[PDB]
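Below you'll find only one chain, the form deposited in one PDB entry, shown as structure tokens.
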């Protein structure tokens, strides 16, 4: 490095320059190239001149520091390799004390990364001292950052040093500052994972317990997670004595936020504790949560209903469900809160395959219908979106026999907001239950909307009919829809006869020239004789709409004559639309 007199610290100068710029987004790119500087500079000078500089001089914005923190996590080689990794601790230590939590986290991430580059000897000589300094810092941000450095260095150090570490983590757990206690509780699980079991059962448990009885709600709530972690590390035999007491204390905590957490992690708690305990403690506890005084907790528990039942031992399963859970589920269907009912409706039918066909029909269908008829759009939408499970269990015929009547009723609601929602369910119904579901009744419903007085409804029905034909095919249309369409041309109810015309207007667009000409046109032409003037002018409008799909020779010999006689009608509107059709079809 002697051959650098004219260099000395040239690259530093280059670096210093760009960092003197005013354009942040550009100074950022500089830090990203930091390595180039390190290269141009030797590893000996990078250590001695670049680092100290990056450790105290830098002042910049938070976005830059972040980039710097990230950079230092990939500088081991660029500084001399494993032999000199600790040289990075100082600048990283500085970044883990900044005010912007996001920057502190990157530094911590980088510190965890290079720790693996330290020889067990360097951990004790350099890494631990750093952890001790941070844990004892005057500024709380330093102590919060320390919490995340314990798990990476504990494994490789001496037994004597491990004992020192356990003690330092204990002190953090009982720090005066809530923010620090919260950070410790959040790392308690991952720290326990690298401890030997003896120390978990003797030291972790009491730290766990103390945090779970903390005076700060925000601290106690974080203990539930630690509870799942600690239970996963212990054998079944130790749970009752080392964990259950605290878990029970959490389930009955005065703060609903703590209880919320228990419900939010009930399935993991279930798996972690095993079926025996699940039966004795969790089953009763679950009933309480479903009946909590706070709706937030009741909603959290509702979401877990199917998963909880699904994981009960096949030994007691159906028994406790029928006798213990079902009754509670019945009451939740009538809960006064919408979030509660929504959460339930998104999972409740997943129970069908667990209860079997007979029970589903017997006990679930009634609840199924109640929710499907709810005032809350979210509730009924969740029911509609999960028909698969029930369908596989009971037949499509049994399901339709139960579902169809309710759909009918909703399809003709007095509120257009509702009628519209039902039209929106059609694609979900077709996609889930298939062609076998669209029977006579269902199809009539889809057609009747075309005569609704609200534009949005007619427009939606139109799209739906076309999508349906596009999915099931024109042959399905020819065999299942047209027959009915034609039958209504007879009906004495004029709205029905009008439905024939509107349907034809839509089907002509997707059934093709052949079916339209052979099975739709004849009916339209015959209706030109209808006694109701209302029907007659729509016949003209309909001929104008489907005419372009027809053969020119058909237009001239069959459409034209009919349109011409309609121009000789006594009704003012009939004569008007007849002549317009003639003009628009160039039969003028």
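Residue numbers count along the first chain shown, from 1.
The protein also exists as the form deposited with a partner chain bound; that form is not presented, and the subsequent description refers to it.
Undergrad: Which of these residues, 167, 101, 334, 236, gets a heavy atom within 4.5 Å of the partner chain in the deposited complex?
TA: Partner contact (heavy atom, 4.5 Å) among the options: 101.
Undergrad: Tell me, which of 58, 549, 525, 555 has a heavy atom within 4.5 angstroms of the partner chain in the deposited complex?
TA: That would be 58.
Undergrad: Residue 565: heavy atom within 4.5 Å of the partner chain in the deposited complex?
TA: Contact check for residue 565: no, nothing within 4.5 Å of the partner chain in the deposited complex.
Undergrad: In the deposited complex, does residue 141 have a heavy atom within 4.5 Å of the partner chain?
TA: Residue 141 belongs to the contact set for the partner chain.
Undergrad: Whether residue 274 contacts the partner chain in the deposited complex should be assessed with a 4.5 Å heavy atom distance threshold; does it?
TA: Answer no; every heavy atom of residue 274 is more than 4.5 Å from the partner chain in the deposited complex.
Undergrad: Residue 217 versus the partner chain, in the deposited complex: is there a non-hydrogen atom within 4.5 Å?
TA: So residue 217 counts as contacting the partner chain.
Undergrad: Considering the partner chain in the deposited complex, find the one stretch among 250-258, 119-127, 201-209, 228-236 with heavy atoms no farther than 4.5 Å from it.
TA: Stretch with heavy atoms near the partner: 250-258.
Undergrad: Any chance 159, 163 and 279 all have a heavy atom within 4.5 Å of the partner chain in the deposited complex?
TA: The answer is no; none of 159, 163 and 279 reaches the partner chain.
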